[PDB]
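Next comes query.cif, a file with mmCIF, N, CA and C atoms.
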```cif
data_upload
#
loop_
_atom_site.label_atom_id
_atom_site.label_comp_id
_atom_site.auth_asym_id
_atom_site.auth_seq_id
_atom_site.Cartn_x
_atom_site.Cartn_y
_atom_site.Cartn_z
N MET A 1 -23.16 3.37 6.76
CA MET A 1 -21.79 2.95 7.02
C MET A 1 -21.75 1.56 7.64
N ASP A 2 -21.44 0.56 6.82
CA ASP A 2 -21.37 -0.82 7.29
C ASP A 2 -19.93 -1.20 7.64
N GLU A 3 -19.12 -0.20 7.98
CA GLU A 3 -17.73 -0.43 8.33
C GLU A 3 -17.02 -1.25 7.25
N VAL A 4 -17.02 -0.72 6.03
CA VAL A 4 -16.38 -1.40 4.90
C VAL A 4 -14.86 -1.34 5.02
N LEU A 5 -14.20 -2.36 4.48
CA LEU A 5 -12.74 -2.42 4.53
C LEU A 5 -12.12 -1.55 3.44
N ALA A 6 -11.17 -0.71 3.83
CA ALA A 6 -10.50 0.18 2.89
C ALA A 6 -11.48 1.18 2.29
N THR A 7 -12.60 1.40 2.98
CA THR A 7 -13.61 2.33 2.51
C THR A 7 -14.02 2.02 1.07
N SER A 8 -14.14 0.74 0.75
CA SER A 8 -14.51 0.31 -0.59
C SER A 8 -13.72 1.08 -1.64
N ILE A 9 -12.50 0.63 -1.90
CA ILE A 9 -11.64 1.27 -2.89
C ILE A 9 -10.88 0.24 -3.71
N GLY A 10 -9.89 -0.40 -3.09
CA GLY A 10 -9.11 -1.40 -3.79
C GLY A 10 -9.70 -2.79 -3.66
N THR A 11 -9.19 -3.73 -4.45
CA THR A 11 -9.68 -5.10 -4.43
C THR A 11 -8.54 -6.09 -4.65
N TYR A 12 -8.81 -7.36 -4.37
CA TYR A 12 -7.81 -8.41 -4.53
C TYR A 12 -8.42 -9.66 -5.16
N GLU A 13 -8.17 -9.85 -6.45
CA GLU A 13 -8.70 -11.00 -7.17
C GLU A 13 -8.16 -11.05 -8.60
N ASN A 14 -8.44 -12.15 -9.29
CA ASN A 14 -7.98 -12.32 -10.66
C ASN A 14 -6.47 -12.15 -10.76
N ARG A 15 -5.77 -12.51 -9.69
CA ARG A 15 -4.32 -12.40 -9.65
C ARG A 15 -3.87 -10.97 -9.95
N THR A 16 -4.50 -10.01 -9.27
CA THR A 16 -4.17 -8.60 -9.47
C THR A 16 -4.67 -7.76 -8.30
N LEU A 17 -3.90 -6.73 -7.95
CA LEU A 17 -4.26 -5.84 -6.85
C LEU A 17 -4.48 -4.42 -7.35
N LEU A 18 -5.72 -3.95 -7.26
CA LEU A 18 -6.06 -2.60 -7.70
C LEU A 18 -6.08 -1.63 -6.52
N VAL A 19 -5.37 -0.52 -6.66
CA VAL A 19 -5.31 0.49 -5.61
C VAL A 19 -4.99 1.87 -6.19
N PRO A 20 -5.37 2.92 -5.45
CA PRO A 20 -5.13 4.30 -5.87
C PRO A 20 -3.66 4.68 -5.83
N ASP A 21 -2.92 4.06 -4.91
CA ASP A 21 -1.49 4.33 -4.77
C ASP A 21 -0.74 3.94 -6.04
N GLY A 22 -1.18 2.86 -6.68
CA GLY A 22 -0.53 2.40 -7.89
C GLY A 22 -1.41 1.45 -8.69
N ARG A 23 -0.88 0.27 -8.98
CA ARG A 23 -1.62 -0.73 -9.75
C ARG A 23 -0.83 -2.03 -9.85
N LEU A 24 -0.87 -2.83 -8.79
CA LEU A 24 -0.16 -4.10 -8.76
C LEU A 24 -0.93 -5.18 -9.51
N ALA A 25 -0.21 -6.04 -10.22
CA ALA A 25 -0.83 -7.12 -10.98
C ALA A 25 0.09 -8.33 -11.06
N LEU A 26 -0.23 -9.36 -10.28
CA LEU A 26 0.56 -10.58 -10.27
C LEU A 26 0.59 -11.24 -11.64
N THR A 27 1.79 -11.40 -12.19
CA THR A 27 1.95 -12.02 -13.51
C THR A 27 2.16 -13.52 -13.39
N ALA A 28 3.14 -13.92 -12.58
CA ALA A 28 3.44 -15.33 -12.38
C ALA A 28 4.60 -15.51 -11.40
N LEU A 29 4.27 -15.81 -10.15
CA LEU A 29 5.28 -16.00 -9.12
C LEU A 29 6.19 -17.18 -9.46
N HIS A 30 7.49 -16.99 -9.26
CA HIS A 30 8.46 -18.04 -9.55
C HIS A 30 9.38 -18.27 -8.36
N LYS A 31 9.75 -19.53 -8.13
CA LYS A 31 10.63 -19.88 -7.02
C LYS A 31 12.06 -20.08 -7.51
N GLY A 32 13.03 -19.74 -6.65
CA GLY A 32 14.42 -19.90 -7.01
C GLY A 32 15.25 -20.49 -5.89
N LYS A 33 16.54 -20.18 -5.87
CA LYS A 33 17.44 -20.68 -4.84
C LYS A 33 18.32 -19.56 -4.29
N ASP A 34 18.66 -19.67 -3.01
CA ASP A 34 19.49 -18.66 -2.36
C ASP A 34 20.81 -19.28 -1.89
N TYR A 35 21.43 -18.64 -0.90
CA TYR A 35 22.70 -19.12 -0.36
C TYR A 35 22.58 -20.58 0.08
N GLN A 36 21.40 -20.95 0.55
CA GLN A 36 21.16 -22.32 1.01
C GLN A 36 20.50 -23.15 -0.08
N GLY A 37 20.63 -22.69 -1.33
CA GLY A 37 20.03 -23.40 -2.45
C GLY A 37 18.72 -24.06 -2.08
N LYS A 38 17.84 -23.31 -1.42
CA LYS A 38 16.54 -23.82 -1.01
C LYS A 38 15.59 -22.68 -0.67
N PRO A 39 15.88 -21.98 0.43
CA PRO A 39 15.06 -20.85 0.89
C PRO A 39 15.17 -19.64 -0.03
N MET A 40 14.28 -19.57 -1.02
CA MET A 40 14.28 -18.47 -1.97
C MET A 40 12.97 -18.42 -2.75
N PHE A 41 12.45 -17.21 -2.96
CA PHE A 41 11.20 -17.03 -3.69
C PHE A 41 11.12 -15.64 -4.30
N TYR A 42 10.57 -15.55 -5.50
CA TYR A 42 10.43 -14.28 -6.19
C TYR A 42 8.96 -13.91 -6.38
N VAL A 43 8.62 -12.69 -6.00
CA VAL A 43 7.24 -12.21 -6.13
C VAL A 43 7.05 -11.44 -7.43
N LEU A 44 6.73 -12.17 -8.49
CA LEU A 44 6.51 -11.56 -9.80
C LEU A 44 5.21 -10.78 -9.83
N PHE A 45 5.31 -9.47 -9.65
CA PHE A 45 4.13 -8.60 -9.65
C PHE A 45 4.32 -7.44 -10.62
N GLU A 46 3.21 -6.82 -11.01
CA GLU A 46 3.24 -5.70 -11.94
C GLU A 46 2.93 -4.39 -11.22
N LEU A 47 3.92 -3.85 -10.53
CA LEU A 47 3.75 -2.60 -9.80
C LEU A 47 3.84 -1.40 -10.73
N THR A 48 2.70 -0.75 -10.98
CA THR A 48 2.65 0.41 -11.86
C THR A 48 2.61 1.70 -11.05
N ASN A 49 3.72 2.44 -11.08
CA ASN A 49 3.81 3.70 -10.35
C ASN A 49 2.85 4.74 -10.94
N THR A 50 1.72 4.94 -10.28
CA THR A 50 0.72 5.90 -10.73
C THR A 50 1.06 7.31 -10.26
N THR A 51 1.97 7.40 -9.30
CA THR A 51 2.39 8.69 -8.76
C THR A 51 3.17 9.49 -9.79
N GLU A 52 3.81 10.57 -9.34
CA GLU A 52 4.59 11.42 -10.22
C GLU A 52 5.98 11.67 -9.65
N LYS A 53 6.55 10.64 -9.03
CA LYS A 53 7.88 10.74 -8.44
C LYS A 53 8.79 9.63 -8.96
N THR A 54 10.09 9.90 -8.98
CA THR A 54 11.07 8.93 -9.45
C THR A 54 11.85 8.32 -8.29
N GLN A 55 11.28 8.41 -7.09
CA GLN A 55 11.92 7.86 -5.90
C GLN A 55 12.07 6.35 -6.01
N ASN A 56 12.73 5.75 -5.02
CA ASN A 56 12.94 4.31 -5.01
C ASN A 56 11.62 3.57 -5.22
N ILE A 57 11.71 2.26 -5.44
CA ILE A 57 10.53 1.44 -5.66
C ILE A 57 10.09 0.75 -4.37
N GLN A 58 11.06 0.23 -3.62
CA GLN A 58 10.77 -0.45 -2.37
C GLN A 58 9.97 0.45 -1.43
N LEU A 59 10.08 1.76 -1.64
CA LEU A 59 9.36 2.73 -0.82
C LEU A 59 7.86 2.63 -1.04
N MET A 60 7.47 1.92 -2.09
CA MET A 60 6.05 1.75 -2.42
C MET A 60 5.59 0.33 -2.08
N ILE A 61 6.33 -0.66 -2.57
CA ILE A 61 5.99 -2.05 -2.32
C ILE A 61 5.90 -2.34 -0.82
N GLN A 62 6.66 -1.58 -0.04
CA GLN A 62 6.67 -1.75 1.41
C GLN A 62 5.34 -1.31 2.02
N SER A 63 4.52 -0.64 1.22
CA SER A 63 3.23 -0.15 1.68
C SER A 63 2.10 -0.75 0.84
N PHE A 64 2.46 -1.59 -0.12
CA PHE A 64 1.48 -2.23 -0.99
C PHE A 64 1.14 -3.63 -0.49
N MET A 65 2.10 -4.54 -0.62
CA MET A 65 1.91 -5.92 -0.19
C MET A 65 3.00 -6.33 0.80
N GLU A 66 2.58 -6.86 1.95
CA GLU A 66 3.52 -7.29 2.98
C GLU A 66 3.42 -8.79 3.21
N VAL A 67 4.51 -9.39 3.67
CA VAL A 67 4.55 -10.82 3.93
C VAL A 67 5.16 -11.12 5.30
N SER A 68 4.52 -12.01 6.05
CA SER A 68 5.00 -12.37 7.38
C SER A 68 4.71 -13.84 7.67
N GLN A 69 5.73 -14.56 8.13
CA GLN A 69 5.58 -15.98 8.45
C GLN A 69 5.70 -16.21 9.96
N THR A 70 5.62 -17.47 10.36
CA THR A 70 5.72 -17.82 11.77
C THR A 70 7.13 -18.26 12.14
N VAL A 71 7.50 -18.07 13.40
CA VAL A 71 8.82 -18.44 13.88
C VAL A 71 8.92 -18.30 15.40
N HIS A 72 9.45 -19.33 16.05
CA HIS A 72 9.60 -19.32 17.50
C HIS A 72 8.25 -19.14 18.19
N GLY A 73 7.18 -19.46 17.47
CA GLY A 73 5.84 -19.32 18.02
C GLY A 73 5.32 -17.91 17.93
N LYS A 74 5.65 -17.22 16.84
CA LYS A 74 5.21 -15.85 16.64
C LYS A 74 5.31 -15.46 15.16
N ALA A 75 4.79 -14.28 14.83
CA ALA A 75 4.82 -13.80 13.46
C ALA A 75 5.92 -12.76 13.27
N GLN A 76 6.67 -12.89 12.18
CA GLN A 76 7.76 -11.97 11.88
C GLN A 76 7.62 -11.39 10.48
N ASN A 77 8.14 -10.18 10.29
CA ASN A 77 8.07 -9.52 8.99
C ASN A 77 9.18 -10.02 8.06
N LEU A 78 8.79 -10.73 7.01
CA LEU A 78 9.75 -11.26 6.05
C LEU A 78 10.47 -10.13 5.32
N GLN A 79 11.78 -10.05 5.50
CA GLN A 79 12.59 -9.02 4.86
C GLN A 79 13.26 -9.56 3.60
N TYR A 80 13.93 -8.68 2.87
CA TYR A 80 14.62 -9.07 1.64
C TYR A 80 15.50 -10.29 1.88
N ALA A 81 15.32 -11.31 1.04
CA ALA A 81 16.10 -12.54 1.15
C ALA A 81 17.44 -12.41 0.43
N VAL A 82 18.51 -12.80 1.11
CA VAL A 82 19.85 -12.73 0.53
C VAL A 82 20.14 -13.95 -0.33
N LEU A 83 20.84 -13.73 -1.44
CA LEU A 83 21.18 -14.81 -2.36
C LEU A 83 22.56 -14.58 -2.97
N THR A 84 23.26 -15.68 -3.26
CA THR A 84 24.59 -15.60 -3.85
C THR A 84 24.53 -15.05 -5.28
N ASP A 85 23.86 -15.78 -6.16
CA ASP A 85 23.73 -15.37 -7.55
C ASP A 85 22.45 -15.94 -8.17
N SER A 86 21.68 -15.08 -8.82
CA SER A 86 20.44 -15.49 -9.45
C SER A 86 20.25 -14.79 -10.80
N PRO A 87 19.50 -15.44 -11.70
CA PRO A 87 19.22 -14.90 -13.04
C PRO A 87 18.30 -13.69 -12.99
N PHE A 88 17.50 -13.59 -11.93
CA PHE A 88 16.57 -12.48 -11.77
C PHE A 88 17.24 -11.32 -11.05
N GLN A 89 18.43 -10.95 -11.50
CA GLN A 89 19.18 -9.85 -10.90
C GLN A 89 18.70 -8.51 -11.45
N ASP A 90 18.10 -8.54 -12.63
CA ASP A 90 17.61 -7.33 -13.27
C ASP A 90 16.43 -6.75 -12.49
N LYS A 91 15.39 -7.56 -12.31
CA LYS A 91 14.20 -7.14 -11.58
C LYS A 91 14.51 -6.95 -10.10
N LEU A 92 15.57 -7.59 -9.64
CA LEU A 92 15.97 -7.49 -8.24
C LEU A 92 16.51 -6.10 -7.92
N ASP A 93 17.31 -5.56 -8.83
CA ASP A 93 17.88 -4.23 -8.65
C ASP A 93 16.79 -3.18 -8.52
N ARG A 94 15.58 -3.53 -8.95
CA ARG A 94 14.45 -2.61 -8.88
C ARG A 94 14.30 -2.03 -7.47
N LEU A 95 14.36 -2.90 -6.47
CA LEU A 95 14.23 -2.48 -5.08
C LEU A 95 15.26 -1.41 -4.74
N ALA A 96 16.40 -1.46 -5.42
CA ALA A 96 17.46 -0.48 -5.19
C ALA A 96 17.54 0.52 -6.33
N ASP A 97 16.46 0.62 -7.10
CA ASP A 97 16.40 1.55 -8.23
C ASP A 97 15.17 2.44 -8.14
N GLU A 98 14.92 3.20 -9.20
CA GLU A 98 13.77 4.10 -9.23
C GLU A 98 12.59 3.45 -9.95
N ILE A 99 11.49 4.18 -10.05
CA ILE A 99 10.29 3.68 -10.72
C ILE A 99 9.92 4.54 -11.92
N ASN A 100 8.92 4.10 -12.67
CA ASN A 100 8.47 4.84 -13.84
C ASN A 100 7.05 5.38 -13.64
N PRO A 101 6.96 6.58 -13.05
CA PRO A 101 5.67 7.23 -12.79
C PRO A 101 4.98 7.69 -14.07
N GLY A 102 4.11 6.84 -14.60
CA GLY A 102 3.39 7.17 -15.81
C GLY A 102 3.65 6.18 -16.93
N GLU A 103 4.39 5.12 -16.62
CA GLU A 103 4.70 4.09 -17.61
C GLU A 103 4.22 2.72 -17.15
N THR A 104 4.17 1.77 -18.08
CA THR A 104 3.72 0.42 -17.77
C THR A 104 4.90 -0.53 -17.64
N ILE A 105 5.21 -0.93 -16.41
CA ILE A 105 6.31 -1.84 -16.15
C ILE A 105 5.99 -2.78 -15.00
N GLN A 106 6.99 -3.54 -14.56
CA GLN A 106 6.82 -4.48 -13.46
C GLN A 106 8.14 -4.73 -12.75
N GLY A 107 8.10 -5.59 -11.73
CA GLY A 107 9.30 -5.90 -10.98
C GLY A 107 9.10 -7.06 -10.02
N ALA A 108 9.99 -7.18 -9.04
CA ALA A 108 9.91 -8.25 -8.06
C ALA A 108 10.28 -7.75 -6.66
N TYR A 109 10.18 -8.63 -5.68
CA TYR A 109 10.50 -8.28 -4.30
C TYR A 109 10.59 -9.53 -3.42
N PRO A 110 11.69 -10.28 -3.57
CA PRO A 110 11.92 -11.50 -2.80
C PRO A 110 12.18 -11.22 -1.32
N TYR A 111 11.86 -12.19 -0.47
CA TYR A 111 12.06 -12.04 0.96
C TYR A 111 12.44 -13.37 1.60
N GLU A 112 12.67 -13.36 2.91
CA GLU A 112 13.04 -14.56 3.64
C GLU A 112 12.08 -15.70 3.32
N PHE A 113 12.63 -16.82 2.85
CA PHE A 113 11.82 -17.98 2.51
C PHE A 113 12.19 -19.18 3.37
N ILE A 114 13.03 -18.94 4.38
CA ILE A 114 13.46 -20.00 5.28
C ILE A 114 12.30 -20.89 5.68
N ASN A 115 11.12 -20.29 5.85
CA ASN A 115 9.93 -21.03 6.23
C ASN A 115 9.20 -21.56 4.99
N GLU A 116 9.96 -22.14 4.07
CA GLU A 116 9.39 -22.69 2.84
C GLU A 116 8.35 -23.77 3.16
N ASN A 117 8.51 -24.40 4.32
CA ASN A 117 7.59 -25.46 4.74
C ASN A 117 6.26 -24.87 5.20
N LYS A 118 6.29 -23.60 5.60
CA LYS A 118 5.08 -22.92 6.06
C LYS A 118 4.44 -22.12 4.93
N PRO A 119 3.12 -21.91 5.03
CA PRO A 119 2.36 -21.16 4.03
C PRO A 119 2.70 -19.68 4.03
N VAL A 120 2.67 -19.07 2.85
CA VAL A 120 2.97 -17.65 2.71
C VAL A 120 1.69 -16.81 2.67
N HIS A 121 1.33 -16.24 3.80
CA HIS A 121 0.13 -15.41 3.89
C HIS A 121 0.23 -14.20 2.98
N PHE A 122 -0.31 -14.32 1.77
CA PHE A 122 -0.27 -13.23 0.80
C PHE A 122 -1.35 -12.19 1.11
N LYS A 123 -0.97 -11.15 1.84
CA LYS A 123 -1.90 -10.09 2.21
C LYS A 123 -1.70 -8.87 1.32
N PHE A 124 -2.73 -8.03 1.24
CA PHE A 124 -2.67 -6.82 0.43
C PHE A 124 -3.44 -5.68 1.09
N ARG A 125 -2.73 -4.60 1.42
CA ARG A 125 -3.35 -3.45 2.05
C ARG A 125 -2.73 -2.15 1.54
N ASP A 126 -3.12 -1.03 2.15
CA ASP A 126 -2.60 0.27 1.76
C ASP A 126 -3.07 1.36 2.72
N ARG A 127 -2.48 2.54 2.61
CA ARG A 127 -2.83 3.66 3.47
C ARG A 127 -4.11 4.34 2.99
N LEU A 128 -5.19 3.56 2.91
CA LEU A 128 -6.47 4.09 2.46
C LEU A 128 -7.50 4.05 3.58
N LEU A 129 -7.03 4.17 4.82
CA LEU A 129 -7.91 4.14 5.98
C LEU A 129 -8.61 2.80 6.11
N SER A 130 -7.89 1.80 6.62
CA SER A 130 -8.45 0.47 6.79
C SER A 130 -8.58 0.12 8.27
N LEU A 131 -7.45 -0.19 8.90
CA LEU A 131 -7.44 -0.54 10.32
C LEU A 131 -8.05 -1.92 10.54
N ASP A 132 -9.35 -2.02 10.31
CA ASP A 132 -10.06 -3.29 10.49
C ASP A 132 -9.67 -4.28 9.39
N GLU A 133 -8.54 -4.96 9.59
CA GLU A 133 -8.06 -5.94 8.63
C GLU A 133 -7.72 -5.26 7.30
N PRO A 134 -6.79 -5.88 6.55
CA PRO A 134 -6.36 -5.36 5.25
C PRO A 134 -7.44 -5.48 4.18
N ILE A 135 -7.14 -4.99 2.98
CA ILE A 135 -8.09 -5.04 1.88
C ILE A 135 -8.54 -6.47 1.60
N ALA A 136 -7.63 -7.42 1.81
CA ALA A 136 -7.94 -8.83 1.59
C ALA A 136 -6.82 -9.72 2.12
N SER A 137 -6.89 -11.01 1.79
CA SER A 137 -5.88 -11.96 2.23
C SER A 137 -6.11 -13.33 1.58
N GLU A 138 -5.02 -14.07 1.39
CA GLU A 138 -5.10 -15.39 0.77
C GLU A 138 -3.81 -16.17 1.01
N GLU A 139 -3.96 -17.42 1.45
CA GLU A 139 -2.81 -18.28 1.72
C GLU A 139 -2.43 -19.08 0.48
N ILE A 140 -1.13 -19.24 0.25
CA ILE A 140 -0.64 -19.99 -0.90
C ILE A 140 0.60 -20.80 -0.53
N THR A 141 0.72 -21.99 -1.13
CA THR A 141 1.85 -22.86 -0.87
C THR A 141 2.80 -22.89 -2.06
N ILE A 142 3.89 -22.13 -1.96
CA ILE A 142 4.87 -22.07 -3.03
C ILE A 142 6.13 -22.86 -2.66
N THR A 143 6.72 -23.52 -3.66
CA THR A 143 7.93 -24.30 -3.44
C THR A 143 7.65 -25.48 -2.51
#
```

Translate the structure of the given file into structure tokens.
Amino acid sequence: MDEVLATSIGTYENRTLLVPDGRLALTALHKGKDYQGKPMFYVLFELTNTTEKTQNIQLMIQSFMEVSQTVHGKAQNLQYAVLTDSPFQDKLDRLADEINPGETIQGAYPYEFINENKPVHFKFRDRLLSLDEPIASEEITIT
């Protein structure tokens, strides 16, 4: 026992996240505009519901990939970003819709981008007994 992360299960590379809970796969992140026609970002990922439930989707993504930026000299959990009107309203409703347990699909999950000037710590973890740091991590500069 070399104290492996996530007990050697999931991985993060090749623009894709493999896990037992599901099967996330980054297709192509795209940036947009919100109420302030600036702070806005879309997380284009391929969340495949491997489970057997038709419950909401956000109930899974909230345990798959999390995002947190800096503010007031501390780290905060980036929540759903509000926007007036965007073309990606279809994939957006996903968070407020159900999933396809056993089918191949994808969706999105935008959040507060006010800190567009700051890097977005793209982390990936899951309830697979980790504790000692998430499955992985990588910083990216979008927008």

Q. Nearest to residue A:94 among A:56, A:14, A:123, A:80, with distances taken over only N, CA and C atoms: which residue is it?
A.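 The answer is A:56, which sits nearest to residue A:94.
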
Q. Nearest to residue A:27: which of A:1, A:135, A:43, A:78 is it, counting only N, CA and C atoms?
A.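 Nearest to residue A:27: A:43.
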
Box dimensions and centre (Å, one decimal) enclosing stretch 105-123 of chain A, axis-aligned, 6 Å extra per side, as JSON:
```
{"center_x": 5.8, "center_y": -13.2, "center_z": -5.1, "size_x": 27.4, "size_y": 36.5, "size_z": 34.6}
```

**Q.** Exercise: residue A:20 partners within 7 Å, only N, CA and C atoms, chain neighbours under 5 positions left out, as a ChimeraX atom specification
**A.** /A:9-10,50

Find the nearest atom pair between each residue of stretch 43-99 of chain A and stretch 103-113 of chain A for residues within 6 Å, count all atoms listed in the file, give distances in Å to one decimal, sort rows by chain and ascending number, and present the table as a Markdown table.
```
| residue | atom | partner | partner_atom | distance |
| --- | --- | --- | --- | --- |
| A:43 | C | A:108 | CA | 4.3 |
| A:44 | CA | A:108 | CA | 5.1 |
| A:45 | C | A:107 | N | 4.4 |
| A:46 | CA | A:106 | CA | 4.1 |
| A:47 | N | A:106 | CA | 4.2 |
| A:48 | CA | A:105 | N | 5.4 |
| A:49 | C | A:103 | N | 5.9 |
| A:78 | C | A:112 | N | 4.6 |
| A:79 | C | A:111 | CA | 3.8 |
| A:80 | C | A:111 | CA | 4.0 |
| A:81 | N | A:111 | CA | 3.3 |
| A:91 | C | A:108 | N | 4.6 |
| A:92 | N | A:108 | N | 5.6 |
```

Q) Any chance you could work out the residue set of the PyMOL selection byres (((chain A and resi 65 and name CA) around 8) and name CA) here, as a VMD selection string? A) chain A and resid 61 to 64 66 to 67 122 to 126

(Q) What's the separation between atom CA of residue A:53 and atom C of residue A:101, in Å to one decimal place? (A)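 Computing it gives 7.0 Å between the two atoms.
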
Q.
One decimal, in Å: what's the spacing between atom CA of residue A:95 and atom CA of residue A:58?
A. 4.8 Å

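As for atom CA of residue A:115 and atom CA of residue A:11, they are spaced 27.4 Å apart.
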
When DSSP is applied to the backbone of this structure, which of stretch 28-135 of chain A are assigned strand (DSSP E or B)? Write them out as a tab-separated table (two decimals) with N, CA and C atoms, in the coordinates of the input.
```
chain	number	residue	atom	x	y	z
A	30	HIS	N	7.49	-16.99	-9.26
A	30	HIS	CA	8.46	-18.04	-9.55
A	30	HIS	C	9.38	-18.27	-8.36
A	31	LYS	N	9.75	-19.53	-8.13
A	31	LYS	CA	10.63	-19.88	-7.02
A	31	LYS	C	12.06	-20.08	-7.51
A	41	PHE	N	12.45	-17.21	-2.96
A	41	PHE	CA	11.20	-17.03	-3.69
A	41	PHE	C	11.12	-15.64	-4.30
A	42	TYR	N	10.57	-15.55	-5.50
A	42	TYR	CA	10.43	-14.28	-6.19
A	42	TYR	C	8.96	-13.91	-6.38
A	45	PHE	N	5.31	-9.47	-9.65
A	45	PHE	CA	4.13	-8.60	-9.65
A	45	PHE	C	4.32	-7.44	-10.62
A	56	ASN	N	12.73	5.75	-5.02
A	56	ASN	CA	12.94	4.31	-5.01
A	56	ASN	C	11.62	3.57	-5.22
A	68	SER	N	4.52	-12.01	6.05
A	68	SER	CA	5.00	-12.37	7.38
A	68	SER	C	4.71	-13.84	7.67
A	69	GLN	N	5.73	-14.56	8.13
A	69	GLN	CA	5.58	-15.98	8.45
A	69	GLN	C	5.70	-16.21	9.96
A	70	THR	N	5.62	-17.47	10.36
A	70	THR	CA	5.72	-17.82	11.77
A	70	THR	C	7.13	-18.26	12.14
A	75	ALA	N	4.79	-14.28	14.83
A	75	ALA	CA	4.82	-13.80	13.46
A	75	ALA	C	5.92	-12.76	13.27
A	76	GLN	N	6.67	-12.89	12.18
A	76	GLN	CA	7.76	-11.97	11.88
A	76	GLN	C	7.62	-11.39	10.48
A	77	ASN	N	8.14	-10.18	10.29
A	77	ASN	CA	8.07	-9.52	8.99
A	77	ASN	C	9.18	-10.02	8.06
A	98	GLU	N	14.92	3.20	-9.20
A	98	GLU	CA	13.77	4.10	-9.23
A	98	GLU	C	12.59	3.45	-9.95
A	107	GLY	N	8.10	-5.59	-11.73
A	107	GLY	CA	9.30	-5.90	-10.98
A	107	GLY	C	9.10	-7.06	-10.02
A	120	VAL	N	2.67	-19.07	2.85
A	120	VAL	CA	2.97	-17.65	2.71
A	120	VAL	C	1.69	-16.81	2.67
A	121	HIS	N	1.33	-16.24	3.80
A	121	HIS	CA	0.13	-15.41	3.89
A	121	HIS	C	0.23	-14.20	2.98
A	122	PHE	N	-0.31	-14.32	1.77
A	122	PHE	CA	-0.27	-13.23	0.80
A	122	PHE	C	-1.35	-12.19	1.11
A	123	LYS	N	-0.97	-11.15	1.84
A	123	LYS	CA	-1.90	-10.09	2.21
A	123	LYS	C	-1.70	-8.87	1.32
A	124	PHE	N	-2.73	-8.03	1.24
A	124	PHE	CA	-2.67	-6.82	0.43
A	124	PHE	C	-3.44	-5.68	1.09
```

Q) Between A:52, A:4, A:90, A:21, which is the closest to residue A:127 once you count only N, CA and C atoms? A)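 Between A:52, A:4, A:90, A:21, the residue approaching residue A:127 most closely is A:21.
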